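This is what each chain is made of:
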Amino acid sequence: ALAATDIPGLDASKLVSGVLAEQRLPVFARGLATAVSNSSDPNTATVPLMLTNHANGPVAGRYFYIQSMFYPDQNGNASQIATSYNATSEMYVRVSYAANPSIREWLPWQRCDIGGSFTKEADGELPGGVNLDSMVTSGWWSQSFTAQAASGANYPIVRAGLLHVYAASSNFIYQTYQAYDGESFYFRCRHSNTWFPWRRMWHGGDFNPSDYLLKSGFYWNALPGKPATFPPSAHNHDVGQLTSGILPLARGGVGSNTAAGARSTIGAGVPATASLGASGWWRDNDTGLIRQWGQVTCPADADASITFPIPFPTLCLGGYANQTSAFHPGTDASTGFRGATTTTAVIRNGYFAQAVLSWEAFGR
Amino acid sequence: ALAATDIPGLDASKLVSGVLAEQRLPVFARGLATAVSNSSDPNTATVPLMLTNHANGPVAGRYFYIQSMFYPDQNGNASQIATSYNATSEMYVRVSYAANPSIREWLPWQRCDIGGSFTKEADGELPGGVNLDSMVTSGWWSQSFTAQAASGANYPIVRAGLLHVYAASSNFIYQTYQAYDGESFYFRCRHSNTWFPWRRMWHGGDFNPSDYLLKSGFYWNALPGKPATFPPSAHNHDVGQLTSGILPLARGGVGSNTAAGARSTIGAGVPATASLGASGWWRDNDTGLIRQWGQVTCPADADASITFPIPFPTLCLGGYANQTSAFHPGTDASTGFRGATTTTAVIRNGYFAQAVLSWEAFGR
Amino acid sequence: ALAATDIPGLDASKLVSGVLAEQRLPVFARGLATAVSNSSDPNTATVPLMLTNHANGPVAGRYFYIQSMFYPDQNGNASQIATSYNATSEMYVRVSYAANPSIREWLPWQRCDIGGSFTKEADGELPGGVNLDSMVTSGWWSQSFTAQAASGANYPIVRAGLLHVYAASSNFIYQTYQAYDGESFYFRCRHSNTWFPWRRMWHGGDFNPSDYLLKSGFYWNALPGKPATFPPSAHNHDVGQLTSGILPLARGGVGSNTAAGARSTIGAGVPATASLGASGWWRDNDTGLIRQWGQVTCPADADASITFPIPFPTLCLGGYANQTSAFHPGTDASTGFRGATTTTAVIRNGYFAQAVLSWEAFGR
Ligand SMILES: [Ca+2]
Ligand SMILES: [Ca+2]
Ligand SMILES: [Ca+2]
Ligand SMILES: [Fe+3]
Ligand SMILES: [Mg+2]
């Protein structure tokens, strides 16, 4: 009976049929990350799969499965894909390329999973009680509940809304917040670990500048509600500015616009008129009484007629005559006034010689 | 003479040279995703490559190729990379780690292709006719034509511009729009399937607050255009405030500032004056007429001189005398008045005895 | 001794123990990308690993390692993962699916690393001297120093701050800038290689609209500081608005509110009164002088008493009588007036017949 020790070394071509049992394969070809110790340096990888927490992996302190692909041999250029062993689901990629492929020049790991990016799904829903000062990593988050903004801290407004964080660096953490109801849009920055105040955008829902007065519209003629007239300050006047009415006696006026009315107000009379010649008259125009006078030559013991300087308008009321000469006192030298009309009267001379007699008459 | 049945079981070390035909390999080592049925659970994977649409894959209802990497054996902890079988090009990663590695604890799948991210390339160009209410998927899009905004619906402004969509959830869809010409920046949100109005940012192109009147600038002294004088409302005056001019008769005045002028205006006379004693005088100061009177003791049949109480300024015009006694009526008792100057006259007594005669004279 | 040429072809099941030397594996199972040439076409891939710069790879001109996973066989549907060979660390994925799997239909390569995405890490820190017009690639950058903004160009404000770039297309490059201190938020766009000016957001740190006057608050009654009285413009009055005071003669008044005082001011007299009948009286009310007259029938050579029309208030100053008839001139016809009281007097008739004598009397 033949034993294995009798069989010489064979070329792989001697296997002409069948599929090898998986245990016959090097472990990396079964997907087992067990060919090298779990602290192996991925920089010196020569098998296509290892598991290691070595520092040259993508995240210091963490184990990653590291796939390697090689050209032109397992010591040469390589591409590596790293996937996480626990805690999170992450992927990284890197490459070594060099003119002498065996003297590797590794580039830094580049992240593949979208955990390293701004994602089309929000990073998370914010629960209650969140202090936005604690949101210091880049991303965007949704607060779906106004009451959870109320129970949190450093929200710019008590409203559901969208938070963006742009963590530029440790000393410049930018945030924006868009309120769900458009209350406004806010922004702030943590600068060297101290937060600036939120800035609140002014928008068209807040106010319309057309509701406010331009400086160019601020002037007297534009001011509505102005009264037609204004209560005056103390002032004097020229009498010319008195243009209607009639001043009464109570104010030192004559209470009339006619001379007659004025005279009645102050109880005044009118001027008398006269012609005060040798033959003359005088007239009281208050009453119309007229007195007249003249002289006449009379014959001895006889009459002479006189004509009054002016006619009496209605009648002569009376008269007398007087001897103007040095009549002989041994005889009568009587006089008479009689027969008066509106225009004439008769003067009687009782003296026994031609004589000049003066006379007076009165009437109306 | 040797057939295969004569050869004993061999150790893999007996293959000392050559490269196996790939058909000798388990199918997963050939890139063939055929080792397990295409509905197999990736959670229970033990081969490094499978193809399955099982629900525990990354996208519901879709086939993915799933690569698996294991430690410390194929039943233990694992890392998996899923890649799509059709429709789109997508990649995912996940991991199972457990203290007892055979009791797996899988973490959620994380996406790797940039389809899950906001990318440096815009998501698309918006054509004409787009209703922005329909843009409810996260991303950013560009409208390159104002005319294509004009043919659409629910653009905040008819302008080319940049649309961001942040679909936090179907209950909260946020949008922003930046007009290409800086007309403004807009934001809004769809809450519970109803869109709030676009909010429009106010910016420096719209207005400058310095053009508007501050409340603190609104007061009487600052109001420009105020008139120097104002139309007065109805008011009363004291006559003392009439400081110039002369009131005319039409207004109840006397049309003059002199006594004589005032009398002229109202046609008034002046007072008569008198001394009304037993001998006396009376003067009409309107005309200048003077009447005087007195008494005189005359000698029998002779003259007596009289002196007028006051001189006549110019001349005596006339006079008479009257017997004051009970003269015997059997003789003449005539009288005469004659020879009058401005100061004196001659009274003649025709009675045969001494007698008292009264007299009157008038003149001017 | 047996030679290898004596051993017949063997089934893979003849290996019952041990692990193959890795050099017995097809090269791709070792991670060696050498099974096909570096010009091989990935569209026609039948091996699970290659390295090629063929045009059908993900980036023209560049070598990528390409893994292939196949179903149902190596000519059929396939998923491919490509990882970079040099220069950078990049990954892509694609797929071929067709109802007839051998007539392949390849979908476009899709990037898997975050290098083509908006990353949670900022693209970079801006140094000094940067012209922001040069930043036309999508991303976000941080200016950590205000002094480095001051040395640059086309910053919207000389302030540290956060720059975003959205390069929608060559014809539209959008930028936003958030100041670190919240000075404001800015945006602009480069359209057809011309940058619009930055727009500057108005926010609550800039001003508050409640400091400005609403047009609805701009009216007369609301204006503060208004005087209580106003200097009047020229106006006229009705004398009815002269409610107090007494106009003096200097202003055309009578200087009094009594008739007597007004007369005194202008030196006017009062009206005379009279009863100008056949017998009657006349009275100068300036002085009180009264004149009266009448007629009386006397016996021959005898007295007759008269009663004055009215009593003299104080005394009769004088009188006379006059013959009214054509007395015989051959005799005496003297008259007398005497014995006057306030009410009566005595008229003497020296004519030797009954005769009518008229009389006058005066007094006060
Ligand atoms: Ca005688
Ligand atoms: Ca005679
Ligand atoms: Ca006788
Ligand atoms: Fe006035
Ligand atoms: Mg008078």
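Enquirer: How should the pattern of salt bridges be read in this particular structure?
Expert: Any two side chains of opposite charge can pair, on the condition that their charged atoms come close. The final tally for this structure, using the stated rule, is 35 salt bridges over all chains. Across the salt bridge formed by B:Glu90 and B:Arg62, the nearest N and O atoms sit 3.1 Å from each other. Here B:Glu90, found in the loop between β5 (77-84) and β6 (91-96), pairs with B:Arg62, found in the loop between β3 (49-52) and β4 (64-71); they are 28 residues apart in sequence, far enough to count as distant. Residue B:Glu90 shares its accessibility class with B:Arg62, and that shared class is buried. Note that C:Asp206 and C:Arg200 form a salt bridge whose closest N and O atoms lie 2.9 Å from each other. A single salt-bridge network, built from bridges that share partners, covers A:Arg291, A:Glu360, B:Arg291, B:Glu360, C:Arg291 and C:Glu360.

Enquirer: So what exactly am I meant to see when it comes to the coordination of the calcium ion (ligand 1) here?
Expert: Coordination angles at a metal have ideal targets, namely 109.5 degrees for four tetrahedral donors and 90 or 180 degrees for six octahedral donors. Ligation of the calcium ion (ligand 1) by protein atoms is provided by A:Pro329 (O), B:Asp301 (OD), B:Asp332 (OD) and B:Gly350 (O), these donors lying 2.2 to 2.5 Å from the ion. Taken as a pair, A:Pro329 in the loop between β21 (316-323) and β22 (335-338) and B:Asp332 in the loop between β21 (316-323) and β22 (335-338) lie in two separate chains rather than in one. Note on A:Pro329: relative accessible area 17%, which makes it buried. On the basis of relative accessible area, B:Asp332 is assigned to the buried category, the value being 9%.

Enquirer: Which parts of the structure should I look at to understand the UniProt feature "binding site: Mg(2+)" (unreviewed entry) in chain A?
Expert: UniProt feature "binding site: Mg(2+)" (unreviewed entry): in the numbering of this structure it lies at A:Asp301, A:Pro329, A:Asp332 and A:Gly350. Here A:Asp301 is to be found in the loop between β19 (289-298) and β20 (302-307). For A:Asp301, a relative accessible area of 31% gives the class partly exposed. Among all residues touching A:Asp301, those that are not within four sequence positions of it are A:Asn349, A:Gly350, A:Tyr351, A:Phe352 and C:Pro329. With respect to the element layout, A:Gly350 can be found in the loop between β23 (344-349) and β24 (355-363). Setting aside chain neighbours within four positions, we find A:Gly350 in contact with A:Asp301, A:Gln323, A:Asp332, A:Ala333, A:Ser334, C:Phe327 and C:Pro329.

Enquirer: Sorry, what's going on with the coordination of the iron ion (ligand 4) here?
Expert: Here the iron ion (ligand 4) is held by A:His235 (NE2), A:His237 (NE2), B:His235 (NE2), B:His237 (NE2), C:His235 (NE2) and C:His237 (NE2), and the distances to it run 2.2 to 2.3 Å. In this structure, the iron ion (ligand 4) is coordinated by six donor atoms arranged in octahedral fashion, with angles at the metal of 83 to 176°. With one member in each of two chains, A:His237 in strand β15 (residues 237-238) and C:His235 in the loop between β14 (199-200) and β15 (237-238) form a pair that bridges those chains. Judged on exposure class, the residue A:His237 and its partner C:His235 are both buried.

Enquirer: Before we go on, may I ask you to explain the sheet that holds strand β3 (residues 49-52) of chain A in this structure?
Expert: Hydrogen bonding along the main chain pairs the strands of a sheet, whether they run parallel or antiparallel. What the five strands build is an open sheet, ordered β3-β4-β5-β6-β7 (chain A); its pairing is antiparallel. One side of each edge strand has no neighbouring strand; the edge strands of this open sheet are β3 and β7 (110-111) of chain A.

Enquirer: Even after reading the chapter, I still don't get the packing of aromatic side chains, so can you show me in this structure?
Expert: Note on aromatic pairs: each is described by the distance of the centres and the angle between the planes. For the structure on display, the rule yields 90 aromatic pairs over all chains. With a centroid separation of 6.2 Å and an interplanar angle of 85°, the aromatic rings of A:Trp282 and B:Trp282 are classed as edge-to-face. Residue A:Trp282 is located in strand β18 (residues 280-284), and its partner B:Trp282 is located in strand β18 (residues 280-283); the two belong to separate chains. Cluster of aromatic residues (ring-pair linked, three or more members): A:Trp202, A:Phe207, A:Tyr212, B:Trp202, B:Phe207, B:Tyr212, C:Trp202, C:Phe207 and C:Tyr212. The ring of C:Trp195 is capped by C:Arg188, whose NZ or CZ atom sits 3.7 Å from the centre of that ring.

Enquirer: Honestly, the sheet that holds strand β3 (residues 49-52) of chain C in this entry has me stumped. Any pointers?
Expert: All names here are of chain C. Spatially, five strands are ordered β3-β4-β5-β6-β7 in an open sheet, and the strand pairing comes out antiparallel. Whereas interior strands pair on both sides, the edge strands pair on one side only; in this sheet they are β3 and β7 (110-111). In this structure, β3 lies alongside strand β4 (residues 64-71), joined through four bridges in antiparallel fashion. Residue pairing for β4: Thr52 is matched across the bridge by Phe64.

Enquirer: Please explain the nonpolar core as it appears in this structure.
Expert: Counting residues in each nonpolar core, the largest one holds 75 residues, and the members touching the most others are A:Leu20, A:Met91, B:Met91, C:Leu15 and C:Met91. No other element matches the five residues that β4(C) contributes to this core. Setting aside its immediate chain neighbours within four residues, C:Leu15 contacts A:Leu15, A:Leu20, A:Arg24, B:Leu10, B:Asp11, B:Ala12, B:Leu15 and C:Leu20. One finds B:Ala168, B:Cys189, C:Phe118 and C:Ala160 within the second-largest nonpolar core, a separate group that totals 32 residues.

Enquirer: Please explain unusual backbone geometry as it appears in this structure.
Expert: If a residue is not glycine, its phi is most likely negative; likewise, a peptide bond is most likely trans. Cis peptide bonds are those with omega within 30 degrees of zero, and the linkage from B:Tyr71 to B:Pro72 qualifies with 5°. Unusually for a residue other than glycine, A:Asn154 sits at a positive phi of about 65°. Although it is not a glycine, A:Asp301 sits at a positive phi angle of roughly 50°.

Enquirer: It is not clear to me how the UniProt feature "binding site: Fe(3+)" (unreviewed entry) in chain A should be interpreted in this structure. Could you clarify?
Expert: On the UniProt side, "binding site: Fe(3+)" (unreviewed entry) is annotated at positions that read A:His235 and A:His237 here. A residue is classified by how much of its surface remains accessible, and A:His235, at 12% relative accessible area, is buried. With residues near it in sequence (within four places) discarded, A:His235 still touches B:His235, B:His237, B:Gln241, C:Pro232, C:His235 and C:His237. Engagement of the side chain of A:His235 in a polar contact is seen with the backbone oxygen of A:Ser233, the distance being 2.9 Å. If near-sequence neighbours (up to four positions away) are discounted, A:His237 is found in contact with B:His235, B:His237, B:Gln241, B:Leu242, B:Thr243, B:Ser244, C:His235 and C:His237. A polar side-chain atom of A:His237 sits 3.3 Å from a polar atom in the side chain of B:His237.

Enquirer: How do you make sense of the side chain of C:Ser117 when you look at a structure like this?
Expert: Here C:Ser117 is to be found in the loop between β7 and β8 (124-125). The exposure class of C:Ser117 is buried, given its relative accessible area of 1%. The residues touching C:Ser117, leaving out its near neighbours within four places in the chain, are A:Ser117, B:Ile114, B:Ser117, B:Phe118, B:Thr119 and B:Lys120.

Enquirer: Any chance you could explain the side chain of A:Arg188 here in plain terms?
Expert: With respect to the helices, strands and loops of the structure, A:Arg188 is situated in strand β12 (residues 185-191). Here the side chain of A:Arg188 touches A:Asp133 through a polar contact of 2.8 Å, side chain to side chain.

Enquirer: Would you explain the environment of A:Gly128 in this entry?
Expert: Residue and element names in this part refer to chain A. Mapped onto the elements, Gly128 comes out in the loop between β8 (124-125) and β9 (139-143). When its relative accessible area of 31% is taken as the criterion, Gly128 is described as partly exposed. Once the C-alpha coordinates of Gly128 and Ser144 are considered, the two residues, 16 residues apart in sequence, prove to be 10.0 Å apart. Setting aside anything within four residues of it in sequence, one finds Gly128 in contact with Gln148 and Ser151.

Enquirer: Just to check I follow, could you spell out the interface of chain A and chain B for this structure?
Expert: Size of an interface: often given as the accessible area lost when the parts come together. Tallying the contact residues gives 133 residues for chain A and 131 residues for chain B. Taken as a group, A:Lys120, A:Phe218 and A:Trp220 account for 8% of the area that chain A buries against chain B, more than any other trio of residues on that side. The interface formed by chain A and chain B includes two salt bridges. Close ionic contact of A:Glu360 with B:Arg291 constitutes a salt bridge, the shortest N to O distance being 2.8 Å. Taken together, chain A and chain B are joined by 58 residue pairs in polar contact. Here the side of chain A that touches chain B gets four residues from one element, more than from any other, and that element is helix α2 (residues 259-266) of chain A. Among the residues making up the side of chain A that touches chain B, the classes are represented as 68 nonpolar, 50 polar and 15 charged. One ladder, built from two bridges, connects β15(A) with strand β16 (residues 242-244) of chain B; its direction is parallel. For A:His237, the partnering residue across the bridge sits in β16(B) and is B:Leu242.

Enquirer: For this particular structure, what's the right way to read the pairing of strand β24 (residues 355-363) of chain C?
Expert: Residues and elements named next belong to chain C. Most of β24 is tucked away: eight of the nine residues are buried. The sheet contact formed by strand β19 (residues 290-298) and β24 spans nine bridges and is antiparallel. Bridge pairing links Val296 to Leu357 in β24.

Thresholds, definitions, all that
- Residues numbered from 1 in each chain as written, not as in the entry; some residues may be left out.
- Chains lettered and ligands numbered in written order.
- Heavy atoms only, no water.
- Salt bridge = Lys/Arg side-chain N within 4 Å of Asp/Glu carboxyl O.
- Helix = DSSP H or I, 4+ residues; strand = E, 2+ residues; numbered from the N terminus.
- Buried < 20%, exposed > 50% of the residue type's maximum accessible area, 1.4 Å probe, protein only.
- Donors = N, O, S within 2.8 Å, 3.2 Å for Na, K, Ca; no water.
- UniProt positions renumbered as here; feature names shortened; annotations may be inferred.
- Contact = heavy atoms within 4.5 Å.
- Tetrahedral: all angles 85-135°; square planar, octahedral: opposite > 155°, others 65-115°.
- Pairing = 2+ DSSP bridges.
- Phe/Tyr/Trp six-rings, centres within 6.5 Å; stacked < 30°, edge-to-face > 60°.
- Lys NZ or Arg CZ within 6 Å of the ring centre and 35° of its normal.
- Core = buried A, V, L, I, M, F, W, Y, C linked by side-chain atoms within 4.5 Å.
- Polar contact = N/O pair within 3.5 Å; in protein donor to acceptor, adjacent residues only side chain to side chain.
- Buried area = accessible area lost by both parts, 1.4 Å probe.
- Nonpolar A, V, L, I, M, F, W, Y, C, P; charged D, E, K, R; others polar.

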